[PDB]
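**Q** Data file work_10.pdb (PDB, C-alpha atoms and all ligand atoms) is appended below.
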```pdb
ATOM      1  CA  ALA R   2     -17.253   5.435 -13.763
ATOM      2  CA  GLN R   3     -15.748   4.904 -16.232
ATOM      3  CA  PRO R   4     -13.303   3.116 -16.606
ATOM      4  CA  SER R   5     -13.721   2.867 -12.787
ATOM      5  CA  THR R   6     -11.086   0.226 -11.964
ATOM      6  CA  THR R   7     -11.602  -2.036  -8.922
ATOM      7  CA  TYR R   8      -8.487  -2.810  -6.877
ATOM      8  CA  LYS R   9      -7.985  -5.201  -3.971
ATOM      9  CA  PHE R  10      -5.676  -3.976  -1.197
ATOM     10  CA  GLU R  11      -4.026  -6.539   1.108
ATOM     11  CA  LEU R  12      -2.293  -4.814   4.026
ATOM     12  CA  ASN R  13      -0.071  -6.412   6.693
ATOM     13  CA  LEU R  14       0.400  -3.565   9.173
ATOM     14  CA  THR R  15       3.037  -3.494  11.952
ATOM     15  CA  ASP R  16       2.719  -0.068  13.549
ATOM     16  CA  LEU R  17       5.252   0.030  16.358
ATOM     17  CA  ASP R  18       4.381   3.622  17.297
ATOM     18  CA  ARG R  19       0.743   2.786  18.116
ATOM     19  CA  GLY R  20       1.041  -0.929  18.885
ATOM     20  CA  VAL R  21      -1.230  -1.819  15.975
ATOM     21  CA  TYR R  22      -0.734  -5.191  14.251
ATOM     22  CA  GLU R  23      -3.355  -6.153  11.634
ATOM     23  CA  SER R  24      -3.844  -8.003   8.362
ATOM     24  CA  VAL R  25      -6.586  -6.189   6.483
ATOM     25  CA  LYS R  26      -8.242  -6.414   3.060
ATOM     26  CA  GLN R  27     -10.012  -3.500   1.381
ATOM     27  CA  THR R  28     -11.754  -3.136  -1.951
ATOM     28  CA  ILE R  29     -11.100   0.243  -3.593
ATOM     29  CA  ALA R  30     -12.834   1.901  -6.522
ATOM     30  CA  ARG R  31     -10.465   3.957  -8.643
ATOM     31  CA  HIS R  32     -12.215   6.761 -10.507
ATOM     32  CA  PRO R  33     -10.785   7.414 -14.061
ATOM     33  CA  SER R  34      -9.578  10.839 -12.829
ATOM     34  CA  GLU R  35      -7.719   9.318  -9.877
ATOM     35  CA  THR R  36      -4.092   8.718 -10.852
ATOM     36  CA  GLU R  37      -2.089   5.738  -9.546
ATOM     37  CA  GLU R  38      -0.195   8.297  -7.428
ATOM     38  CA  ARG R  39      -3.405   9.686  -5.875
ATOM     39  CA  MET R  40      -4.697   6.205  -5.076
ATOM     40  CA  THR R  41      -1.314   5.308  -3.560
ATOM     41  CA  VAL R  42      -1.464   8.368  -1.296
ATOM     42  CA  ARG R  43      -4.946   7.200  -0.152
ATOM     43  CA  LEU R  44      -3.462   3.744   0.644
ATOM     44  CA  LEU R  45      -0.626   5.304   2.673
ATOM     45  CA  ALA R  46      -3.217   7.383   4.602
ATOM     46  CA  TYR R  47      -5.240   4.225   5.288
ATOM     47  CA  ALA R  48      -2.191   2.472   6.825
ATOM     48  CA  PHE R  49      -1.002   5.621   8.624
ATOM     49  CA  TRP R  50      -4.333   6.313  10.344
ATOM     50  CA  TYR R  51      -5.702   2.763  10.415
ATOM     51  CA  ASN R  52      -8.844   2.085  12.511
ATOM     52  CA  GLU R  53     -11.511  -0.630  12.034
ATOM     53  CA  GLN R  54     -13.921   2.294  11.446
ATOM     54  CA  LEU R  55     -11.800   4.008   8.798
ATOM     55  CA  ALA R  56     -13.340   3.752   5.303
ATOM     56  CA  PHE R  57     -12.475   5.023   1.827
ATOM     57  CA  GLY R  58     -14.796   7.782   0.645
ATOM     58  CA  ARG R  59     -15.647   8.630  -2.961
ATOM     59  CA  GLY R  60     -12.708  11.122  -2.921
ATOM     60  CA  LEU R  61     -12.322  13.308  -6.031
ATOM     61  CA  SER R  62     -15.486  11.859  -7.657
ATOM     62  CA  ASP R  63     -17.842  13.416  -5.024
ATOM     63  CA  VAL R  64     -17.276  16.914  -3.604
ATOM     64  CA  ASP R  65     -19.267  16.113  -0.435
ATOM     65  CA  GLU R  66     -16.989  13.200   0.567
ATOM     66  CA  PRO R  67     -13.304  12.975   1.625
ATOM     67  CA  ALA R  68     -10.635  10.578   0.354
ATOM     68  CA  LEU R  69     -11.010   8.732   3.677
ATOM     69  CA  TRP R  70     -13.070   9.096   6.841
ATOM     70  CA  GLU R  71     -13.581   7.521  10.224
ATOM     71  CA  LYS R  72     -17.153   7.788  11.533
ATOM     72  CA  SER R  73     -18.730   7.019  14.891
ATOM     73  CA  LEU R  74     -21.495   4.434  15.235
ATOM     74  CA  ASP R  75     -23.856   7.441  15.055
ATOM     75  CA  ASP R  76     -22.442   8.299  11.610
ATOM     76  CA  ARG R  77     -20.591  11.406  12.828
ATOM     77  CA  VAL R  78     -17.116  12.182  11.561
ATOM     78  CA  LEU R  79     -14.178  11.511  13.890
ATOM     79  CA  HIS R  80     -11.511  11.963  11.208
ATOM     80  CA  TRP R  81     -11.715  13.620   7.793
ATOM     81  CA  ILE R  82      -8.780  12.778   5.503
ATOM     82  CA  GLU R  83      -7.985  14.426   2.179
ATOM     83  CA  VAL R  84      -5.148  13.810  -0.275
ATOM     84  CA  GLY R  85      -3.550  16.115  -2.861
ATOM     85  CA  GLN R  86      -3.951  19.892  -2.930
ATOM     86  CA  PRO R  87      -7.386  20.990  -1.608
ATOM     87  CA  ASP R  88      -7.768  24.767  -1.181
ATOM     88  CA  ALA R  89      -8.098  26.626   2.140
ATOM     89  CA  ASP R  90     -11.867  27.097   1.688
ATOM     90  CA  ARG R  91     -12.402  23.310   1.433
ATOM     91  CA  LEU R  92     -10.192  22.647   4.456
ATOM     92  CA  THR R  93     -12.079  25.329   6.399
ATOM     93  CA  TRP R  94     -15.520  23.924   5.671
ATOM     94  CA  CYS R  95     -14.648  20.240   5.962
ATOM     95  CA  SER R  96     -12.826  20.842   9.284
ATOM     96  CA  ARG R  97     -16.088  22.121  10.727
ATOM     97  CA  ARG R  98     -17.645  18.694   9.951
ATOM     98  CA  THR R  99     -15.073  16.649  11.989
ATOM     99  CA  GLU R 100     -13.042  16.547  15.234
ATOM    100  CA  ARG R 101      -9.832  15.918  13.280
ATOM    101  CA  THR R 102      -8.870  16.893   9.770
ATOM    102  CA  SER R 103      -5.810  15.484   8.038
ATOM    103  CA  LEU R 104      -4.296  16.032   4.639
ATOM    104  CA  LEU R 105      -1.621  13.990   2.909
ATOM    105  CA  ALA R 106      -0.447  16.477   0.311
ATOM    106  CA  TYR R 107       1.592  15.491  -2.774
ATOM    107  CA  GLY R 108       2.952  17.036  -5.945
ATOM    108  CA  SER R 109       4.904  20.279  -6.165
ATOM    109  CA  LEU R 110       3.757  22.316  -3.152
ATOM    110  CA  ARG R 111       5.575  25.643  -3.517
ATOM    111  CA  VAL R 112       2.648  27.688  -4.881
ATOM    112  CA  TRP R 113      -0.010  25.742  -2.904
ATOM    113  CA  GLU R 114       1.672  26.002   0.547
ATOM    114  CA  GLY R 115       2.070  29.762   0.096
ATOM    115  CA  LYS R 116      -1.665  30.227  -0.439
ATOM    116  CA  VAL R 117      -3.057  27.636   1.977
ATOM    117  CA  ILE R 118      -0.786  27.580   5.065
ATOM    118  CA  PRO R 119      -1.242  31.271   6.024
ATOM    119  CA  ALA R 120      -5.034  30.964   5.560
ATOM    120  CA  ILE R 121      -5.703  28.029   7.901
ATOM    121  CA  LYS R 122      -4.128  29.388  11.118
ATOM    122  CA  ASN R 123      -7.446  29.623  12.952
ATOM    123  CA  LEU R 124      -8.675  26.206  11.899
ATOM    124  CA  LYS R 125      -9.121  23.604  14.625
ATOM    125  CA  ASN R 126      -7.055  20.376  14.522
ATOM    126  CA  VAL R 127      -5.956  20.467  10.888
ATOM    127  CA  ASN R 128      -2.882  18.342  10.206
ATOM    128  CA  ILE R 129      -0.931  18.381   6.951
ATOM    129  CA  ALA R 130       1.989  16.225   5.850
ATOM    130  CA  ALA R 131       3.533  15.958   2.375
ATOM    131  CA  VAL R 132       4.574  12.698   0.655
ATOM    132  CA  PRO R 133       7.919  13.019  -1.267
ATOM    133  CA  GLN R 134       7.464  12.585  -5.031
ATOM    134  CA  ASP R 135      10.366  10.175  -5.596
ATOM    135  CA  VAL R 136       9.100   7.360  -3.312
ATOM    136  CA  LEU R 137       5.509   8.016  -4.307
ATOM    137  CA  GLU R 138       6.386   7.417  -7.969
ATOM    138  CA  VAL R 139       8.182   4.162  -7.089
ATOM    139  CA  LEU R 140       5.220   2.925  -5.003
ATOM    140  CA  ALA R 141       2.521   3.950  -7.489
ATOM    141  CA  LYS R 142       4.055   3.104 -10.896
ATOM    142  CA  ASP R 143       2.157   0.385 -12.821
ATOM    143  CA  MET R 144       0.074  -0.594  -9.817
ATOM    144  CA  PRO R 145      -1.284  -4.160 -10.107
ATOM    145  CA  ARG R 146      -4.980  -4.903  -9.470
ATOM    146  CA  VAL R 147      -4.085  -6.755  -6.264
ATOM    147  CA  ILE R 148      -1.895  -4.475  -4.129
ATOM    148  CA  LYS R 149       0.017  -6.381  -1.437
ATOM    149  CA  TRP R 150       1.928  -4.232   1.029
ATOM    150  CA  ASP R 151       3.771  -5.009   4.217
ATOM    151  CA  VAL R 152       3.894  -1.748   6.163
ATOM    152  CA  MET R 153       6.027  -1.041   9.218
ATOM    153  CA  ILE R 154       5.629   2.286  11.029
ATOM    154  CA  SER R 155       8.512   3.198  13.325
ATOM    155  CA  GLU R 156       9.418   6.587  14.840
ATOM    156  CA  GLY R 157       7.025   8.321  12.415
ATOM    157  CA  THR R 158       8.610   6.733   9.316
ATOM    158  CA  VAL R 159       6.563   4.487   7.066
ATOM    159  CA  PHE R 160       8.366   1.541   5.485
ATOM    160  CA  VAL R 161       6.383  -0.092   2.708
ATOM    161  CA  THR R 162       7.494  -3.450   1.310
ATOM    162  CA  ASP R 163       5.994  -4.373  -2.044
ATOM    163  CA  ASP R 164       6.967  -6.543  -5.049
ATOM    164  CA  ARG R 165       9.964  -4.268  -5.825
ATOM    165  CA  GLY R 166      11.418  -4.020  -2.308
ATOM    166  CA  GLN R 167      11.254  -1.942   0.858
ATOM    167  CA  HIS R 168      10.620   1.767   0.363
ATOM    168  CA  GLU R 169      11.066   4.397   3.061
ATOM    169  CA  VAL R 170       8.329   7.037   3.216
ATOM    170  CA  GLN R 171       9.385  10.051   5.248
ATOM    171  CA  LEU R 172       6.486  12.475   5.620
ATOM    172  CA  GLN R 173       7.227  16.184   5.796
ATOM    173  CA  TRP R 174       4.940  17.767   8.414
ATOM    174  CA  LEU R 175       3.656  21.212   7.383
ATOM    175  CA  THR R 176       1.227  21.681  10.302
ATOM    176  CA  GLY R 177      -0.051  19.593  13.214
ATOM    177  CA  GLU R 178       0.825  15.936  13.729
ATOM    178  CA  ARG R 179      -0.242  12.322  13.245
ATOM    179  CA  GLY R 180      -2.121  12.377  16.583
TER     180      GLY R 180
HETATM  181 NA    NA R 201      -3.130   2.148  -7.449
END
```
What does the file become when written as structure tokens?
Ligand code: NA
**A**
Amino acid sequence: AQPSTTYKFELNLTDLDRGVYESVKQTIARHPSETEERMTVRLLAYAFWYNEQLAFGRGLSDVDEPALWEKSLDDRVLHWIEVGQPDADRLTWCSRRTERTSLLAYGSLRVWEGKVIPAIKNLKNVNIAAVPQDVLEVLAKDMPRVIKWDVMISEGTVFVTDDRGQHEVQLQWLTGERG
């Protein structure tokens, strides 16, 4: 807030790696500081780590919340997901709050990786993959208010079909794994 734009996400997910087949709808609040690219990375994370208990957090608009999280019925964090370029301090402290920490990084990572990767060696179950900028820009550009994606996940590759065709998202793993 504001302009805090409301988007509706309609996801048909066919995840052949996990045997997950769902049609899901989510409402997402887009903070004015959240770019279309950032939101799109959050949507990819949602599909990539889908669970009925996975929810969008307040992301960049609230320092105490992640971009996405999966909580137990007792409100404890099973999975803490960030997007973008959080620093090693944030990863360290958040990772203590959860059994699994994931980051979908994006943007130019040369300076960031050099600072963060050496500093998180001792962290427990932190997993970091980068989204390539070319496909991200294609996916994110001029995002409509109702986002309809068909997503197929096969051999670790994410194929997103939208209104402009089928786009192949090949994540670069920096540390850890999808799980
Ligand atoms: Na968007």
**Q** Go through the shown structure with the PyMOL selection byres (((chain R and resi 143-146) around 10) and not hetatm) and write out the matching residues as a VMD selection string.
**A** chain R and resid 6 to 10 29 37 to 38 40 to 41 138 to 142 147 to 149 164
**Q** Taking the point (1.3, -3.9, 7.0) as given in the file, collect each protein or nucleic acid residue that comes within 7 Å of it, counting only C-alpha atoms, and present the set as number ranges by chain.
**A** R: 12-15, 23-24, 150-153
**Q** Just checking: using only C-alpha atoms and all ligand atoms, which residue out of R:175, R:2, R:116, R:30 ends up closest to ligand NA 201 (chain R)?
**A**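 Closest to ligand NA 201 (chain R), using only C-alpha atoms and all ligand atoms: R:30.
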**Q** Using CA of residue 71 in chain R and CA of residue 54 in chain R as the two end points, give the distance in Å to one decimal.
**A**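 Distance reported for this atom pair: 5.4 Å.
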**Q** Written as a PyMOL selection string, what is the full residue list that the PyMOL selection byres (((chain R and resi 3) around 10) and not hetatm) yields on the file shown?
**A** chain R and resi 2+4-6+31-34
**Q** Show me as a list in words the residues that reach within 10 Å of (-4.3, 7.8, 0.6), counting all atoms listed in the file and using the file's own coordinates.
**A** residues 38, 39, 40, 41, 42, 43, 44, 45, 46, 47, 48, 49, 50, 57, 60, 68, 69, 82, 83, 84, 85, 104, 105 and 106 of chain R
**Q** Pick from R:137, R:172, R:159, R:124: nearest to ligand NA 201 (chain R), with only C-alpha atoms and all ligand atoms counted?
**A** R:137
**Q** For residue 89 in chain R, which of R:119, R:157, R:58, R:67 is the closest residue, counting only C-alpha atoms?
**A**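 That would be R:119, the residue with the smallest distance to residue 89 in chain R.
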**Q** Expanded to explicit residues, what is the PyMOL selection byres (((chain R and resi 102) around 7) and not hetatm) for this file, as a list in words?
**A**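 Taken on the displayed file, the PyMOL selection byres (((chain R and resi 102) around 7) and not hetatm) yields the residues residues 80, 81, 82, 96, 99, 100, 101, 103, 104, 126, 127 and 128 of chain R.
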**Q** Just the number, please: distance in Å from CA of residue 86 in chain R to CA of residue 113 in chain R, one decimal.
**A** 7.1 Å
**Q** Padding of 3 Å on every side, edges along x, y and z, all listed atoms of range 108-123 of chain R included: what centre and edge lengths in Å, to one decimal, does that box have, as JSON?
**A**
```
{"center_x": -0.9, "center_y": 24.2, "center_z": 3.4, "size_x": 19.0, "size_y": 20.2, "size_z": 25.1}
```
**Q** Calculate how many Å separate CA of residue 95 in chain R from CA of residue 108 in chain R, rounding to one decimal.
**A** 21.5 Å
**Q** For residue 179 in chain R, which residue out of R:136, R:72, R:130, R:79 is the nearest one, using only C-alpha atoms?
**A**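 Selected residue with least distance to residue 179 in chain R: R:130.
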**Q** Since the input is missing atoms, can you rebuild N, CA, C and O atoms for range 152-171 of chain R and write them as a short mmCIF file (atom, residue, chain, number, x, y, z; two decimals), in the coordinates of the input?
**A**
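Listed below is the output, out_6.cif:
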```cif
data_model
loop_
_atom_site.label_atom_id
_atom_site.label_comp_id
_atom_site.auth_asym_id
_atom_site.auth_seq_id
_atom_site.Cartn_x
_atom_site.Cartn_y
_atom_site.Cartn_z
N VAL R 152 3.57 -3.08 5.67
CA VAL R 152 3.89 -1.75 6.16
C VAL R 152 4.37 -1.81 7.61
O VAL R 152 3.69 -2.39 8.48
N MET R 153 5.54 -1.24 7.86
CA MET R 153 6.03 -1.04 9.22
C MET R 153 6.11 0.46 9.48
O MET R 153 6.64 1.22 8.66
N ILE R 154 5.56 0.88 10.62
CA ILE R 154 5.63 2.29 11.03
C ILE R 154 6.46 2.37 12.31
O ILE R 154 6.11 1.77 13.35
N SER R 155 7.58 3.08 12.22
CA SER R 155 8.51 3.20 13.32
C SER R 155 9.08 4.62 13.43
O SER R 155 9.60 5.16 12.45
N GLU R 156 8.95 5.22 14.61
CA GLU R 156 9.42 6.59 14.84
C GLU R 156 8.91 7.57 13.77
O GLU R 156 9.66 8.44 13.30
N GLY R 157 7.65 7.41 13.38
CA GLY R 157 7.02 8.32 12.42
C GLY R 157 7.33 8.03 10.95
O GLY R 157 6.72 8.64 10.06
N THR R 158 8.25 7.10 10.69
CA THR R 158 8.61 6.73 9.32
C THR R 158 7.82 5.52 8.88
O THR R 158 7.65 4.58 9.66
N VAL R 159 7.33 5.57 7.65
CA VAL R 159 6.56 4.49 7.07
C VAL R 159 7.48 3.70 6.12
O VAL R 159 8.10 4.27 5.21
N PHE R 160 7.61 2.40 6.36
CA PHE R 160 8.37 1.54 5.48
C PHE R 160 7.39 0.61 4.80
O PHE R 160 6.75 -0.22 5.45
N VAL R 161 7.29 0.74 3.48
CA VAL R 161 6.38 -0.09 2.71
C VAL R 161 7.18 -1.12 1.91
O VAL R 161 8.05 -0.75 1.11
N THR R 162 6.89 -2.40 2.12
CA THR R 162 7.49 -3.45 1.31
C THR R 162 6.47 -3.93 0.28
O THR R 162 5.37 -4.37 0.63
N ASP R 163 6.84 -3.83 -0.99
CA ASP R 163 5.99 -4.37 -2.04
C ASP R 163 6.81 -5.34 -2.91
O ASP R 163 7.88 -5.80 -2.49
N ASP R 164 6.32 -5.62 -4.12
CA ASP R 164 6.97 -6.54 -5.05
C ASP R 164 8.36 -6.07 -5.56
O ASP R 164 9.12 -6.84 -6.13
N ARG R 165 8.69 -4.81 -5.35
CA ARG R 165 9.96 -4.27 -5.82
C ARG R 165 10.94 -3.92 -4.69
O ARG R 165 12.05 -3.43 -4.94
N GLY R 166 10.52 -4.16 -3.45
CA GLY R 166 11.42 -4.02 -2.31
C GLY R 166 10.80 -3.20 -1.21
O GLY R 166 9.59 -2.98 -1.19
N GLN R 167 11.66 -2.74 -0.29
CA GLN R 167 11.25 -1.94 0.86
C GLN R 167 11.54 -0.47 0.61
O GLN R 167 12.68 -0.09 0.37
N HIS R 168 10.51 0.35 0.70
CA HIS R 168 10.62 1.77 0.36
C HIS R 168 10.32 2.60 1.59
O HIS R 168 9.30 2.39 2.26
N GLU R 169 11.19 3.56 1.87
CA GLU R 169 11.07 4.40 3.06
C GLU R 169 10.30 5.67 2.73
O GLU R 169 10.72 6.47 1.89
N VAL R 170 9.16 5.85 3.40
CA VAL R 170 8.33 7.04 3.22
C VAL R 170 8.50 7.95 4.41
O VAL R 170 8.02 7.65 5.50
N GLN R 171 9.17 9.07 4.20
CA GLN R 171 9.38 10.05 5.25
C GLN R 171 8.49 11.27 5.01
O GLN R 171 8.71 12.04 4.08
#
```
